[PDB]
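Here is the file structure-v4.cif (mmCIF, C-alpha atoms; chains and numbers go by the auth columns).
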data_run
loop_
_atom_site.group_PDB
_atom_site.id
_atom_site.type_symbol
_atom_site.label_atom_id
_atom_site.label_comp_id
_atom_site.label_asym_id
_atom_site.label_seq_id
_atom_site.Cartn_x
_atom_site.Cartn_y
_atom_site.Cartn_z
_atom_site.B_iso_or_equiv
_atom_site.auth_seq_id
_atom_site.auth_asym_id
ATOM 1 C CA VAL A 1 -35.007 29.421 -54.311 0.00 1 A
ATOM 2 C CA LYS A 2 -36.286 25.836 -54.141 0.00 2 A
ATOM 3 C CA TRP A 3 -36.141 23.763 -50.959 0.00 3 A
ATOM 4 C CA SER A 4 -34.519 20.407 -51.719 0.00 4 A
ATOM 5 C CA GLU A 5 -34.134 17.708 -49.060 0.00 5 A
ATOM 6 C CA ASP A 6 -30.615 18.795 -48.113 0.00 6 A
ATOM 7 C CA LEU A 7 -31.566 22.455 -47.724 0.00 7 A
ATOM 8 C CA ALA A 8 -34.604 21.419 -45.671 0.00 8 A
ATOM 9 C CA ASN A 9 -34.417 21.456 -41.871 0.00 9 A
ATOM 10 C CA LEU A 10 -36.444 22.420 -38.776 0.00 10 A
ATOM 11 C CA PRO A 11 -39.510 24.571 -39.644 0.00 11 A
ATOM 12 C CA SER A 12 -38.337 27.646 -37.714 0.00 12 A
ATOM 13 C CA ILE A 13 -34.941 27.323 -39.452 0.00 13 A
ATOM 14 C CA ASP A 14 -36.527 26.972 -42.895 0.00 14 A
ATOM 15 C CA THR A 15 -38.357 30.227 -42.130 0.00 15 A
ATOM 16 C CA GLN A 16 -35.153 32.174 -41.487 0.00 16 A
ATOM 17 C CA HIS A 17 -33.233 30.681 -44.413 0.00 17 A
ATOM 18 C CA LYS A 18 -36.135 31.595 -46.727 0.00 18 A
ATOM 19 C CA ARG A 19 -35.960 35.130 -45.367 0.00 19 A
ATOM 20 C CA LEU A 20 -32.254 35.212 -46.285 0.00 20 A
ATOM 21 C CA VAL A 21 -33.339 34.133 -49.746 0.00 21 A
ATOM 22 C CA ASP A 22 -35.839 37.011 -49.837 0.00 22 A
ATOM 23 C CA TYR A 23 -33.120 39.533 -48.962 0.00 23 A
ATOM 24 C CA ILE A 24 -30.923 37.963 -51.623 0.00 24 A
ATOM 25 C CA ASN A 25 -33.716 38.443 -54.155 0.00 25 A
ATOM 26 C CA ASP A 26 -34.211 42.042 -53.001 0.00 26 A
ATOM 27 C CA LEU A 27 -30.479 42.652 -53.540 0.00 27 A
ATOM 28 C CA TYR A 28 -30.719 41.354 -57.080 0.00 28 A
ATOM 29 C CA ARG A 29 -33.743 43.634 -57.636 0.00 29 A
ATOM 30 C CA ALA A 30 -31.780 46.726 -56.639 0.00 30 A
ATOM 31 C CA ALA A 31 -28.856 45.900 -58.922 0.00 31 A
ATOM 32 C CA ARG A 32 -31.293 45.163 -61.740 0.00 32 A
ATOM 33 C CA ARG A 33 -32.840 48.616 -61.365 0.00 33 A
ATOM 34 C CA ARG A 34 -29.293 49.973 -61.101 0.00 34 A
ATOM 35 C CA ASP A 35 -30.059 51.493 -57.690 0.00 35 A
ATOM 36 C CA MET A 36 -26.824 51.360 -55.663 0.00 36 A
ATOM 37 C CA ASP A 37 -28.175 53.188 -52.602 0.00 37 A
ATOM 38 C CA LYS A 38 -30.964 50.600 -52.374 0.00 38 A
ATOM 39 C CA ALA A 39 -28.506 47.772 -52.923 0.00 39 A
ATOM 40 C CA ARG A 40 -26.375 49.039 -50.039 0.00 40 A
ATOM 41 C CA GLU A 41 -29.501 49.428 -47.928 0.00 41 A
ATOM 42 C CA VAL A 42 -30.619 45.854 -48.589 0.00 42 A
ATOM 43 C CA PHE A 43 -27.121 44.431 -48.040 0.00 43 A
ATOM 44 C CA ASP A 44 -27.022 46.133 -44.646 0.00 44 A
ATOM 45 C CA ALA A 45 -30.370 44.491 -43.753 0.00 45 A
ATOM 46 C CA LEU A 46 -29.264 41.152 -45.209 0.00 46 A
ATOM 47 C CA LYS A 47 -26.169 41.416 -43.029 0.00 47 A
ATOM 48 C CA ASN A 48 -27.912 42.179 -39.742 0.00 48 A
ATOM 49 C CA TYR A 49 -30.441 39.458 -40.399 0.00 49 A
ATOM 50 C CA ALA A 50 -27.771 36.824 -41.080 0.00 50 A
ATOM 51 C CA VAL A 51 -26.104 37.673 -37.784 0.00 51 A
ATOM 52 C CA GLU A 52 -29.411 37.231 -35.951 0.00 52 A
ATOM 53 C CA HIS A 53 -30.140 33.914 -37.686 0.00 53 A
ATOM 54 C CA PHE A 54 -26.647 32.770 -36.718 0.00 54 A
ATOM 55 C CA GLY A 55 -27.328 33.890 -33.150 0.00 55 A
ATOM 56 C CA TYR A 56 -30.634 31.996 -33.169 0.00 56 A
ATOM 57 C CA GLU A 57 -28.941 28.755 -34.216 0.00 57 A
ATOM 58 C CA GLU A 58 -26.143 29.383 -31.692 0.00 58 A
ATOM 59 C CA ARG A 59 -28.741 29.857 -28.980 0.00 59 A
ATOM 60 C CA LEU A 60 -30.192 26.469 -29.946 0.00 60 A
ATOM 61 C CA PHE A 61 -26.685 24.968 -29.804 0.00 61 A
ATOM 62 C CA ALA A 62 -26.385 26.341 -26.290 0.00 62 A
ATOM 63 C CA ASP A 63 -29.871 25.323 -25.116 0.00 63 A
ATOM 64 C CA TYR A 64 -29.543 21.726 -26.264 0.00 64 A
ATOM 65 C CA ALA A 65 -25.826 21.132 -25.776 0.00 65 A
ATOM 66 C CA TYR A 66 -25.108 20.577 -29.470 0.00 66 A
ATOM 67 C CA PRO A 67 -21.754 18.716 -29.676 0.00 67 A
ATOM 68 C CA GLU A 68 -20.463 20.495 -32.814 0.00 68 A
ATOM 69 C CA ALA A 69 -21.318 24.007 -31.626 0.00 69 A
ATOM 70 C CA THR A 70 -17.692 25.224 -31.611 0.00 70 A
ATOM 71 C CA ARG A 71 -16.881 24.522 -35.263 0.00 71 A
ATOM 72 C CA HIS A 72 -20.263 25.777 -36.453 0.00 72 A
ATOM 73 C CA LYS A 73 -20.086 29.101 -34.604 0.00 73 A
ATOM 74 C CA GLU A 74 -16.578 29.719 -35.969 0.00 74 A
ATOM 75 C CA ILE A 75 -17.820 29.061 -39.508 0.00 75 A
ATOM 76 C CA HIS A 76 -20.632 31.550 -38.847 0.00 76 A
ATOM 77 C CA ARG A 77 -18.090 34.057 -37.517 0.00 77 A
ATOM 78 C CA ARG A 78 -15.757 33.803 -40.523 0.00 78 A
ATOM 79 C CA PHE A 79 -18.647 34.473 -42.911 0.00 79 A
ATOM 80 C CA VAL A 80 -19.690 37.585 -40.987 0.00 80 A
ATOM 81 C CA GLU A 81 -16.103 38.771 -41.288 0.00 81 A
ATOM 82 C CA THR A 82 -16.322 38.078 -45.010 0.00 82 A
ATOM 83 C CA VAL A 83 -19.660 39.872 -45.301 0.00 83 A
ATOM 84 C CA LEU A 84 -18.102 42.941 -43.664 0.00 84 A
ATOM 85 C CA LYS A 85 -15.329 43.021 -46.272 0.00 85 A
ATOM 86 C CA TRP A 86 -17.828 42.664 -49.116 0.00 86 A
ATOM 87 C CA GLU A 87 -19.791 45.502 -47.564 0.00 87 A
ATOM 88 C CA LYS A 88 -16.946 48.001 -48.092 0.00 88 A
ATOM 89 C CA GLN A 89 -16.709 47.220 -51.811 0.00 89 A
ATOM 90 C CA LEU A 90 -20.307 48.311 -52.329 0.00 90 A
ATOM 91 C CA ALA A 91 -19.453 51.862 -51.252 0.00 91 A
ATOM 92 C CA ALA A 92 -18.073 52.591 -54.730 0.00 92 A
ATOM 93 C CA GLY A 93 -19.213 49.466 -56.543 0.00 93 A
ATOM 94 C CA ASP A 94 -21.581 49.184 -59.498 0.00 94 A
ATOM 95 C CA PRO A 95 -24.460 46.776 -60.301 0.00 95 A
ATOM 96 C CA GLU A 96 -21.758 44.378 -61.483 0.00 96 A
ATOM 97 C CA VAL A 97 -20.022 44.332 -58.109 0.00 97 A
ATOM 98 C CA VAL A 98 -23.412 43.777 -56.484 0.00 98 A
ATOM 99 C CA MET A 99 -23.990 40.756 -58.698 0.00 99 A
ATOM 100 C CA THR A 100 -20.575 39.240 -57.971 0.00 100 A
ATOM 101 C CA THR A 101 -21.075 39.710 -54.229 0.00 101 A
ATOM 102 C CA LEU A 102 -24.563 38.245 -54.598 0.00 102 A
ATOM 103 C CA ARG A 103 -23.086 35.134 -56.218 0.00 103 A
ATOM 104 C CA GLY A 104 -20.657 34.731 -53.335 0.00 104 A
ATOM 105 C CA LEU A 105 -23.485 35.100 -50.800 0.00 105 A
ATOM 106 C CA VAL A 106 -25.537 32.476 -52.639 0.00 106 A
ATOM 107 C CA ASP A 107 -22.641 30.063 -53.026 0.00 107 A
ATOM 108 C CA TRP A 108 -21.789 30.202 -49.327 0.00 108 A
ATOM 109 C CA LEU A 109 -25.366 30.047 -48.037 0.00 109 A
ATOM 110 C CA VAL A 110 -26.489 27.030 -50.069 0.00 110 A
ATOM 111 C CA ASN A 111 -23.325 25.075 -49.256 0.00 111 A
ATOM 112 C CA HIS A 112 -23.572 26.013 -45.579 0.00 112 A
ATOM 113 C CA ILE A 113 -27.215 24.932 -45.268 0.00 113 A
ATOM 114 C CA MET A 114 -26.751 21.620 -47.094 0.00 114 A
ATOM 115 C CA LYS A 115 -23.529 20.673 -45.314 0.00 115 A
ATOM 116 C CA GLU A 116 -23.379 22.356 -41.905 0.00 116 A
ATOM 117 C CA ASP A 117 -26.892 23.211 -40.715 0.00 117 A
ATOM 118 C CA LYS A 118 -28.094 19.836 -41.973 0.00 118 A
ATOM 119 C CA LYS A 119 -25.823 18.160 -39.410 0.00 119 A
ATOM 120 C CA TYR A 120 -27.852 19.507 -36.491 0.00 120 A
ATOM 121 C CA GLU A 121 -31.372 18.683 -37.688 0.00 121 A
ATOM 122 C CA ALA A 122 -31.871 15.114 -36.474 0.00 122 A
ATOM 123 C CA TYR A 123 -30.146 16.084 -33.229 0.00 123 A
ATOM 124 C CA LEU A 124 -32.478 19.001 -32.498 0.00 124 A
ATOM 125 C CA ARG A 125 -35.632 17.292 -33.847 0.00 125 A
ATOM 126 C CA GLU A 126 -35.248 14.345 -31.461 0.00 126 A
ATOM 127 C CA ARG A 127 -35.018 16.840 -28.610 0.00 127 A
ATOM 128 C CA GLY A 128 -38.299 18.592 -29.338 0.00 128 A
ATOM 129 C CA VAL A 129 -37.053 21.650 -31.234 0.00 129 A
ATOM 130 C CA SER A 130 -39.148 23.068 -34.079 0.00 130 A
#

Could you quickly redo this structure as structure tokens?
Amino acid sequence: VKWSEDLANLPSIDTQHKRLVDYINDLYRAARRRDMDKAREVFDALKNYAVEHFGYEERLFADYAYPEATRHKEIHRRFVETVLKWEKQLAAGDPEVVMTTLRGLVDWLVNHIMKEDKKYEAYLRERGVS
């Protein structure tokens, strides 16, 4: 996926978001090849990685006393909860269910990056974060 100005952010953050995009692409690859065991494998990995990327941002919020840390962490938390629900549907889902889930993942991620993560960039940049 492209990297518009809104999606853009701190280099180390761009690196992790792009990795989420890679996992998203891998998930589409599995569905495409109609491999549900691989799709479930990738989703699991996509899930753990998102939680670690959230934890990385949250650690930055802590380190630099980011004012809007509370709201942001709760948004992160709700999505994880959502990802866990989606995860159960893949147990008996088909390539179609994978694609619908994939669309939800994409819709949330892009909106989140452009509207929530973007709020912390200037703040962290002016404090020496990269």

Inset, instruction - Mind listing whatever residues come within 12 Å of the point (-23.5, 33.8, -51.3)? Use only C-alpha atoms, file coordinates, and give them as a PyMOL selection string. - result: chain A and resi 20-21+23-25+27-28+43+46-47+50+79-80+82-83+86+98-113

Keeping only C-alpha atoms, take the residues you just selected and write them out as a PDB file, in the coordinates of the input.
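After the write, result.pdb holds the following:
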ATOM      1  CA  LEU A  20     -32.254  35.212 -46.285  1.00  0.00           C
ATOM      2  CA  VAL A  21     -33.339  34.133 -49.746  1.00  0.00           C
ATOM      3  CA  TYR A  23     -33.120  39.533 -48.962  1.00  0.00           C
ATOM      4  CA  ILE A  24     -30.923  37.963 -51.623  1.00  0.00           C
ATOM      5  CA  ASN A  25     -33.716  38.443 -54.155  1.00  0.00           C
ATOM      6  CA  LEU A  27     -30.479  42.652 -53.540  1.00  0.00           C
ATOM      7  CA  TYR A  28     -30.719  41.354 -57.080  1.00  0.00           C
ATOM      8  CA  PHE A  43     -27.121  44.431 -48.040  1.00  0.00           C
ATOM      9  CA  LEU A  46     -29.264  41.152 -45.209  1.00  0.00           C
ATOM     10  CA  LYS A  47     -26.169  41.416 -43.029  1.00  0.00           C
ATOM     11  CA  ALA A  50     -27.771  36.824 -41.080  1.00  0.00           C
ATOM     12  CA  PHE A  79     -18.647  34.473 -42.911  1.00  0.00           C
ATOM     13  CA  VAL A  80     -19.690  37.585 -40.987  1.00  0.00           C
ATOM     14  CA  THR A  82     -16.322  38.078 -45.010  1.00  0.00           C
ATOM     15  CA  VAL A  83     -19.660  39.872 -45.301  1.00  0.00           C
ATOM     16  CA  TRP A  86     -17.828  42.664 -49.116  1.00  0.00           C
ATOM     17  CA  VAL A  98     -23.412  43.777 -56.484  1.00  0.00           C
ATOM     18  CA  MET A  99     -23.990  40.756 -58.698  1.00  0.00           C
ATOM     19  CA  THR A 100     -20.575  39.240 -57.971  1.00  0.00           C
ATOM     20  CA  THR A 101     -21.075  39.710 -54.229  1.00  0.00           C
ATOM     21  CA  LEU A 102     -24.563  38.245 -54.598  1.00  0.00           C
ATOM     22  CA  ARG A 103     -23.086  35.134 -56.218  1.00  0.00           C
ATOM     23  CA  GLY A 104     -20.657  34.731 -53.335  1.00  0.00           C
ATOM     24  CA  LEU A 105     -23.485  35.100 -50.800  1.00  0.00           C
ATOM     25  CA  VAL A 106     -25.537  32.476 -52.639  1.00  0.00           C
ATOM     26  CA  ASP A 107     -22.641  30.063 -53.026  1.00  0.00           C
ATOM     27  CA  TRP A 108     -21.789  30.202 -49.327  1.00  0.00           C
ATOM     28  CA  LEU A 109     -25.366  30.047 -48.037  1.00  0.00           C
ATOM     29  CA  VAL A 110     -26.489  27.030 -50.069  1.00  0.00           C
ATOM     30  CA  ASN A 111     -23.325  25.075 -49.256  1.00  0.00           C
ATOM     31  CA  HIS A 112     -23.572  26.013 -45.579  1.00  0.00           C
ATOM     32  CA  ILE A 113     -27.215  24.932 -45.268  1.00  0.00           C
TER      33      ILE A 113
END

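Contact shell of residue 129 (chain A) at 12 Å (only C-alpha atoms; same-chain neighbours under 3 positions omitted): residues 9, 10, 11, 12, 13, 57, 59, 60, 61, 63, 64, 120, 121, 122, 123, 124, 125 and 126 of chain A.
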
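When all atoms listed in the file are used to measure the gap to residue 38 (chain A), the shortest distance among A:26, A:68, A:6, A:74 belongs to A:26.
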
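Here the question is which of A:34, A:96, A:2, A:16 gets nearest to residue 56 (chain A) using only C-alpha atoms, and that residue is A:16.
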
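For the atom pair formed by CA of residue 88 (chain A) and CA of residue 55 (chain A), the distance is 23.0 Å, given to one decimal.
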
Report, as AutoDock Vina command-line options, the axis-aligned box around all atoms of region 60-72 of chain A present in the file, extended by 6 Å on each side; give centre and edge lengths in Å to one decimal place.
--center_x -23.5 --center_y 22.6 --center_z -30.8 --size_x 25.3 --size_y 19.8 --size_z 23.3

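Considering the residues A:116, A:48, A:5, A:94 and counting only C-alpha atoms, residue 35 (chain A) has its shortest atom-to-atom contact with A:94.
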
Legend entry - A:58, A:32, A:92, A:42 ranked by distance to residue 71 (chain A), top pick (using only C-alpha atoms): A:58

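CA of residue 84 (chain A) is found 25.4 Å from CA of residue 62 (chain A).
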
Legend entry - Nearest-residue call for residue 52 (chain A), choices A:117, A:87, A:1, A:76, using all atoms listed in the file: A:76

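Note that the spacing between CA of residue 53 (chain A) and CA of residue 97 (chain A) amounts to 25.1 Å.
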